[PDB]
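>>> from the sequence below, what's the structure:
(one chain, ligands or ions: 1)
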Amino acid sequence: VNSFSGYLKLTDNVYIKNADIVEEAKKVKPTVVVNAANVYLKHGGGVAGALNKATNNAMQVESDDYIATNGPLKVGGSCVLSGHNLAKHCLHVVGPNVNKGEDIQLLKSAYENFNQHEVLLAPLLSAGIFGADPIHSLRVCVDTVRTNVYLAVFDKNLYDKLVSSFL
Ligand SMILES: O=C(O)Cc1ccc(CNC(=O)c2ccnc3ccsc23)cc1
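Residues are numbered from 1 along each chain as shown. What follows is the structure:
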């Protein structure tokens, strides 16, 4: 038993809710919240900008030190950093950005990072401003992630569409 509430169960291990991932993280304080990161960990907008804003920019300060030491992530890759006031840890995962021409097949590689964590609160990778089809992203999630994932979908209209079209 865990503390996530109000989720619809899609499969053995995937759950979904219409929620703002920032407020969901603030209440649950999960072990892992996933950020929709880019390779530079520049958290300017979308999920990343909202998560970073909720940390009062501490996420960005930590991220800048990470990049200065390690260089950029790979598309499809990830790193574990602090969750600040939102979670124990933040798993920064880089899905392909269709608005940058990145290969959508890298979406499966991105979701594989979730398997290193037993339970996660996460957004749909490559959705929103990353320009992928959220329905495809949900399918890849279900077919790739084997650990327990609680998906937060900010847009109520989108949430209803993902549920109604789920196979
Ligand atoms: O919700 C988030 O977590 C981030 C986010 C993703 C997408 C949109 C735009 N809406 C849609 O793409 C959309 C809305 C309703 N039906 C469909 C069907 C195929 S796409 C689609 C806004 C926010």
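>>> tell me where the chain has strands.
8-9, 14-18, 32-36, 78-82, 89-93, 119-122, 148-153 (DSSP state E).
>>> how far off centre is the longest one?
Put plainly, it is strand 148-153. 8 Å (C-alpha atoms, centre = their mean, to the nearest Å).
>>> what does this protein put close to the ligand?
Contact residues, the chain versus the ligand (C-beta under 6 Å from any ligand atom): 123-124, 127-128, 133-135, 153-155, 157-158, 161. Backbone N, C-alpha and C define where each C-beta goes, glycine included.
>>> highest average neighbour count across the strands of the chain?
Mean neighbour count (mean count of other C-beta atoms under 10 Å) peaks for strand 32-36 among these, with a mean of 28.
>>> so what's residue 55 up against?
84-86 (C-beta atoms under 8 Å, 6 or more residues apart in numbering).
>>> which one of those residues is nearest the ligand?
Within the contacts of residue 55, the smallest distance to the ligand is 16.4 Å, found for residue 86 (C-beta to the nearest ligand atom).
>>> can I assume the closest one is in contact with residue 51?
Yes - in this structure, residue 86 is within contact of residue 51 by C-beta atoms under 8 Å, at 6.5 Å.
>>> quick one: which of these two has more around it?
More neighbours surround residue 51 than the other of residue 86 and residue 51, with 27 against 24 (other C-beta atoms under 10 Å).
>>> what's near enough to touch the residue lying closest to the more buried one once chain neighbours are set aside?
Nearest residue to residue 51, sequence neighbours excluded (C-beta to C-beta, 6 or more residues apart in numbering): residue 35, at 5.5 Å. Counting by C-beta under 8 Å, 6+ apart, residue 35 makes contact with 43, 47-48, 51, 59, 90-93.
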